[PDB]
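Read through the structure below, which is laid out as structure tokens, and then see the notes.
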Ligand SMILES: Nc1ncnc2c1ncn2[C@@H]1O[C@H](CSCC[C@H](N)C(=O)O)[C@@H](O)[C@H]1O
Ligand SMILES: [Zn+2]
């Protein structure tokens, strides 16, 4: 009957928890979704999103810009080793390639 | 044994770094990317790419510990950005103390000190047969002294450049006068 | 008069304004980040479901999510993400 | 232990190449093949031990090897 | 600095190490091996000091004394002997009833030790002779009772086999405080081991259902006899469900460390706030046996099949000790230095 | 006193090994290799026999496929003998590196 503090800031997170638990119920992944598994999963998604947005915003400052256009995401994914090993077969729209001229072509 | 009051007991050196050993496009800094993107990764490379050991030319030289490819940055030469008449007072002061001049200038209005404050980039000798050079960039106006390369350089070679007194380089077409 | 659509615009917006206090984000990058979040969620939930079906169980606990993350992510990124999740569960516990 | 990466002998790579259809072999293929085989066995055995320690046992059954090969993309028929 | 982070070597010299404990000062570490060998190292220069091959039997418990001289033995023939760091000779010898688990000296007198069997009440003896004082416990049903002194030496906290705590006096057995904890829903479970801090009166409760509770040594005295206190901080784990083996404290009551019993792990909480802050690891398939915290520097010693690993902060070398006038900068530091351009007090040199 | 012109014994070895089906690696060194590189991920494991058989089958099939694609590359390069840069080119085109 009192105030209800949410499950998004009871653990100190940002991604929602009730929406993740609804998407694990409405999907038939299994029968009985456990206690804190959506909290664990929302923390993992937070960490990956923060990891990619750091490099995105850094490259966006270094190209003398203020907004972000997907060329920066293309650079931030394809520069690092680990994200390039994860996102193998993905074509980002409006992406572009990395500069790579071979050794024997240029004089 | 307790009969030698022998000389060579003076050093005149604040740098007693010299020890017994004296061992002599996958990345970002060799890309065609814009300059501050390479300028970030500059410091993550330069802290462990090279080394400083004893050289036959003049004391301590710069033998790198990584196979540097041609065209990329190596290290920054930074320190106290002094302004142009404190140079002469420090010339008189280090003439009074007996330590040589370590002063590269960004432009002909402001010079950069290295003796009082700096990094490990001081151990670059002058030679008339270099394999590096220098370009000044614009990291948001705060310009820098960063050293590129010229050719493919392997592990165990001294890095030099032209500073523009007989030199100890022994070049094929040496000038032998550093003015 | 429109039907509501699920999204992730506000949450990406919040994490961006935590980690970079000035830089804004356009429309297309928001759509890309939306698709990326949905993609990683699909992979992790599917692998956890196949595990819990293998071991003769009926319950997706946190332990299966841990084993799915360890199987899927490469090395050092997994070693960070497991500790981030365990810190979150411990703060939620008491 | 140190050996048994060299215990894979050297008519054996020759016999595998002459099952594959190879005529004349140079003298570097031996160490190159040892390196490639070691990399692949690492990337199978790691997922095998992961499934084992998740299942809470202390042996490595055949089904775990089949599951690791199935997730890599190289299905094996004949042991399930 | 703070809590350790990196691996930093080992001492894999002595075969089959089993247990370990420190002194007050943090420079003495004896190890009761698998055959009676008692080995001390150095810590500053890290050399093996003294092997004491006392028994033909293995050792299960040890303790240091307040003067930094005396030890105590616990073999598989119940032999309790007084030792010395100068000589290393046997003094006392007699046989208990067969189980002996852990001993503990009195803090402010090296006369008395508190000895605990398995299926009996804990017994306090002296070191002058074989005098023993019978300690009464409330249940006296299973007689699986643990007991320990507090920090300063005021009382003796005991723990039964059923989940009730008695607070007795060291000589007259003054039952002055007691409490029962609401263990979950139905079953109240036993206590493994209770250990005590060095700054203040904080301590921990280590049950048999894998939950650590934090209490103080003043709130229970305020609640008196048969009171109901609350845990100052609850510590538990949910993911791997984490059985425990060994518990101890940090340097000056700052943090709490607790080694595990399954995954060869070390966890570091905070007594102040109350959250886990670092997970350690090591060899994946070993078996953790004994964990000791270092009292004046962040060092943790962990025995897992002979190997003693010392997590010791991974110090980083630099300049400015060679030439203390040159400051190794990071980026461009421009400035001007000078705005203005150019007694017989007898201090003891033998102040020991 | 007779010796063949070199190549004929190679050709009949190719036909004789592509005829039959067997196992081409001795099982004791392969078993010790599997235990050796499984030691570093968890101490004191205990293998069954059929798991060792399955690993041997998978490794042998992978090596044979790699050698066929390498020989295609080398015949494209107007040569005969396999060089290791052909192996590196095949592994880089396929996407494994
Ligand atoms: N070719 C040369 N031979 C000897 N000294 C040189 C030289 N060219 C320049 N110099 C002087 O030598 C200095 C190089 S510093 C020499 C390395 C370092 N000081 C050491 O411990 O050995 C410069 O300040 C310059 O004034
Ligand atoms: Zn010269």
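Chains as they are written, first to last, in UniProt numbering: chain A, 12 to 118; chain B, 3764 to 3787, 3806 to 3945, 3955 to 3969; chain C, 31 to 124; chain D, 23 to 102; chain E, 11 to 352, 371 to 380; chain F, 39 to 135.
From the three backbone atoms N, C-alpha and C, an ideal C-beta is built for every residue, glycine too.
Legend entry - Reduced DSSP category for residue 79 of chain E - H, G, I as helix; E, B as strand; rest coil: By 1-based counting over the fifth chain, the position of residue 79 of chain E is 69. DSSP, reduced to helix, strand and coil, places residue 79 of chain E outside both helices and strands of the structure shown, so it counts as coil.
Inset, instruction - Taking residue 3820 of chain B as part of the alpha helix (DSSP H), name the residues at either end of that continuous run. - result: The residue you call residue 3820 of chain B lines up with position 39 of the second chain. Counting along the chain, the alpha helix (DSSP H) containing residue 3820 of chain B begins and ends at 3816-3827.
Legend entry - Inter-residue Cα distance where the pair is residue 51 of chain D and residue 40 of chain D: Mapped onto the fourth chain, residue 51 of chain D falls at position 29. Mapped onto the fourth chain, residue 40 of chain D falls at position 18. Between residue 51 of chain D and residue 40 of chain D, the C-alpha separation is close to 13 Å.
Inset, instruction - In the DSSP assignment, find the unbroken beta strand (DSSP E) run with residue 3791 of chain B in it and report its ends. - result: In the model as presented, chain B runs from 3787 straight to 3806, which leaves residue 3791 of chain B without coordinates.
Legend entry - Whether residue 201 of chain E touches residue 169 of chain E by CB criterion (9 Å): In the fifth chain, the residue the question calls residue 201 of chain E occupies position 191. In the fifth chain, the residue the question calls residue 169 of chain E occupies position 159. Yes; because the gap between Cβ atoms is below 9 Å, this pair is in contact.
Legend entry - Where the alpha helix (DSSP H) through residue 111 of chain C begins and ends: For the purposes of this step, residue 111 of chain C is taken as residue 81 along the third chain, with counting starting at 1. From DSSP, the alpha helix (DSSP H) with residue 111 of chain C extends over 106-123.
Inset, instruction - Just tell me which of E/102, E/220 and E/226 has its CA closest to the CA of residue 251 of chain E. - result: In the fifth chain, the residue the question calls residue 251 of chain E occupies position 241. Out of E/102, E/220 and E/226, E/220 has the C-alpha closest to the C-alpha of residue 251 of chain E.
Inset, instruction - Tell whether a beta-carbon distance below 9 Å holds between residue 281 of chain E and residue 268 of chain E. - result: Your numbering for residue 281 of chain E matches position 271 in the fifth chain. Your numbering for residue 268 of chain E matches position 258 in the fifth chain. Contact: no.
Inset, instruction - Pick helix, strand or coil for residue 90 of chain C, following the three-state DSSP scheme. - result: In the third chain, residue 90 of chain C corresponds to position 60, counting from 1. Note: residue 90 of chain C maps to strand in three-state DSSP.
Inset, instruction - Tell me whether residue 3903 of chain B counts as near ligand 1, meaning its Cβ is closer than 8 Å to at least one heavy atom of that ligand. - result: The sequence position of residue 3903 of chain B within the second chain is 122, counting from 1. Residue side-chain check: residue 3903 of chain B places its Cβ nearer than 8 Å to a non-hydrogen atom of ligand 1.
Inset, instruction - Classify residue 35 of chain E as buried or exposed, calling it buried when 16 or more other Cβ atoms lie within 10 Å of its own Cβ. - result: Residue numbering aside, residue 35 of chain E sits at position 25 when the fifth chain is read from its first letter. Label assigned to residue 35 of chain E: exposed.
Legend entry - Distance CB(residue 96 of chain C)-CB(residue 51 of chain A) smaller than 9 Å: Looking up residue 96 of chain C in the third chain gives position 66. Looking up residue 51 of chain A in the first chain gives position 40. Going by C-beta atoms, residue 96 of chain C is nearer than 9 Å to residue 51 of chain A.
Legend entry - Residue-level contact to chain D via CB, residue 63 of chain F, 9 Å cutoff: Locating residue 63 of chain F in the sixth chain gives position 25, counting from the first residue. Yes - at least one Cβ of chain D is within 9 Å of the one on residue 63 of chain F.
Legend entry - 9 Å Cβ cutoff, residue 3777 of chain B in contact with chain E: In the second chain, the residue the question calls residue 3777 of chain B occupies position 14. Contact of residue 3777 of chain B with chain E is assigned, a C-beta pair being separated by under 9 Å.
Legend entry - Rounded C-alpha distance that separates residue 3767 of chain B from residue 3839 of chain B: Against the second chain, residue 3767 of chain B aligns to sequence position 4. Against the second chain, residue 3839 of chain B aligns to sequence position 58. Distance between the alpha carbons of residue 3767 of chain B and residue 3839 of chain B: 29 Å.
Inset, instruction - Rounded to whole angstroms, what's the CA-CA distance from residue 71 of chain D to residue 295 of chain E? Just pull it up for me. - result: Numbered from 1 along the fourth chain, position 49 holds the residue referred to as residue 71 of chain D. Numbered from 1 along the fifth chain, position 285 holds the residue referred to as residue 295 of chain E. Going by the C-alpha atoms only, they are around 12 Å apart.
Legend entry - residue 111 of chain F in three-state terms, based on DSSP: Here residue 111 of chain F is taken as the residue at index 73 of the sixth chain, counted from 1. DSSP, reduced to helix, strand and coil, places residue 111 of chain F within a helical segment of the structure shown.
Inset, instruction - Taking the CB atoms as reference points, tell me whether residue 28 of chain A and residue 53 of chain A lie closer together than 9 Å. - result: Position 17 of the first chain, counting from 1, holds the residue named residue 28 of chain A. Position 42 of the first chain, counting from 1, holds the residue named residue 53 of chain A. Yes; because the gap between Cβ atoms is below 9 Å, this pair is in contact.
Legend entry - Cβ-based contacts, 9 Å cut-off: residues of the UniProt repeat "WD 5" (249-291) of chain E near chain F: Taking 9 Å as the Cβ-Cβ cut-off against chain F, none of the residues of the UniProt repeat "WD 5" (249-291) of chain E qualify.
Inset, instruction - Just the chain B side, please: which residues come within less than 7 Å of residue 111 of chain A by C-beta, in chain order? - result: Looking up residue 111 of chain A in the first chain gives position 100. Per Cβ cutoff of 7 Å: 3806.
Legend entry - C-beta contact flag for residue 311 of chain E and residue 320 of chain E at 9 Å: Locating residue 311 of chain E in the fifth chain gives position 301, where the first residue counts as 1. Locating residue 320 of chain E in the fifth chain gives position 310, where the first residue counts as 1. Yes. Within cutoff.
Inset, instruction - Would you please verify whether the beta carbon of residue 122 of chain C is less than 9 Å from any beta carbon of chain A? - result: Mapped onto the third chain, residue 122 of chain C falls at position 92. Cβ-Cβ to chain A under 9 Å: yes for residue 122 of chain C.
Legend entry - CB contact flag (residue 3909 of chain B, residue 3961 of chain B, <9 Å): In the second chain, the residue the question calls residue 3909 of chain B occupies position 128. In the second chain, the residue the question calls residue 3961 of chain B occupies position 171. In this structure, the beta-carbon distance from residue 3909 of chain B to residue 3961 of chain B falls below 9 Å.
Inset, instruction - Count the C-beta pairs between the stretch 90-97 of chain F and the stretch 56-76 of chain D that are closer than 8 Å, then say yes if the count reaches three, no if not. - result: Yes: at least three Cβ pairs fall under 8 Å.
Inset, instruction - Please specify which runs of the beta strand (DSSP E), each continuous and at least 3 residues long, are wholly inside the UniProt repeat "WD 4" (196-235) of chain E, giving them in chain order. - result: Entirely contained in the UniProt repeat "WD 4" (196-235) of chain E, the beta strand (DSSP E) runs reaching 3 residues are, in chain order, 212-216 and 221-226.
Inset, instruction - Starting from the beta carbon of residue 3859 of chain B, find every residue of chain E whose beta carbon is closer than 9 Å, and list them in chain order. - result: Taking the second chain and counting its residues from 1, one reaches residue 3859 of chain B at position 78. Within chain E, the residues 339, 340, 341, 342 and 343 have their CB atoms less than 9 Å from the CB of residue 3859 of chain B, given in chain order.
Inset, instruction - May I ask whether a heavy atom of ligand 1 can be found less than 8 Å away from the beta carbon of residue 3928 of chain B? - result: Sequence index remark: in the second chain, residue 3928 of chain B carries index 147 (1-based). Result no, Cβ not under 8 Å from ligand 1.
Inset, instruction - With DSSP collapsed to three states, give me the class of residue 76 of chain C. - result: In the third chain, residue 76 of chain C corresponds to position 46, counting from 1. The answer is helix: DSSP assigns residue 76 of chain C an H, G or I state.
Inset, instruction - Enumerate, from N- to C-terminal direction, the unbroken beta strand (DSSP E) stretches of 3 or more residues contained entirely within the UniProt domain "SET" (3829-3945) of chain B. - result: Whole beta strand (DSSP E) segments, 3+ residues: 3862-3864, 3884-3886 and 3891-3894.
Inset, instruction - Have a look at the DSSP bridge pairing and note the partners of residue 53 of chain F. - result: Here residue 53 of chain F corresponds to residue number 15 of the sixth chain, with the count starting at 1. By DSSP's assignment, residue 53 of chain F forms no beta bridge with any residue.
Inset, instruction - With a 10 Å radius around its C-beta and 16 neighbouring C-beta atoms as the bar for buried, classify residue 3771 of chain B as buried or exposed. - result: For the purposes of this step, residue 3771 of chain B is taken as the residue at position 8 of the second chain. With fewer than 16 other Cβ atoms inside 10 Å of its own Cβ, residue 3771 of chain B counts as exposed.
Legend entry - Span of the alpha helix (DSSP H), counted from its first residue to its last, around residue 87 of chain D: Counting from 1 along the fourth chain, the entry for residue 87 of chain D is found at position 65. Residues 84-94.
Legend entry - Spatial distance of residue 82 of chain E from residue 134 of chain E (CA atoms): Here the question's residue 82 of chain E lines up with position 72 in the fifth chain. Here the question's residue 134 of chain E lines up with position 124 in the fifth chain. Going by the C-alpha atoms only, they are around 14 Å apart.
Inset, instruction - At 7 Å on the CB atoms, spell out the chain D contacts of residue 100 of chain C, in chain order. - result: Your numbering for residue 100 of chain C matches position 70 in the third chain. Within 7 Å Cβ-Cβ: 72.
Inset, instruction - Measure the C-alpha to C-alpha separation of residue 370 of chain E and residue 146 of chain E and round it to an integer number of angstroms. - result: Examination of chain E shows a numbering gap from 352 to 371; residue 370 of chain E is inside it and therefore has no coordinates.
Inset, instruction - Could you tell me the boundaries of the beta strand (DSSP E) in which residue 187 of chain E lies? - result: Mapped onto the fifth chain, residue 187 of chain E falls at position 177. Counting along the chain, residue 187 of chain E sits inside the beta strand (DSSP E) bounded by residues 187-189.
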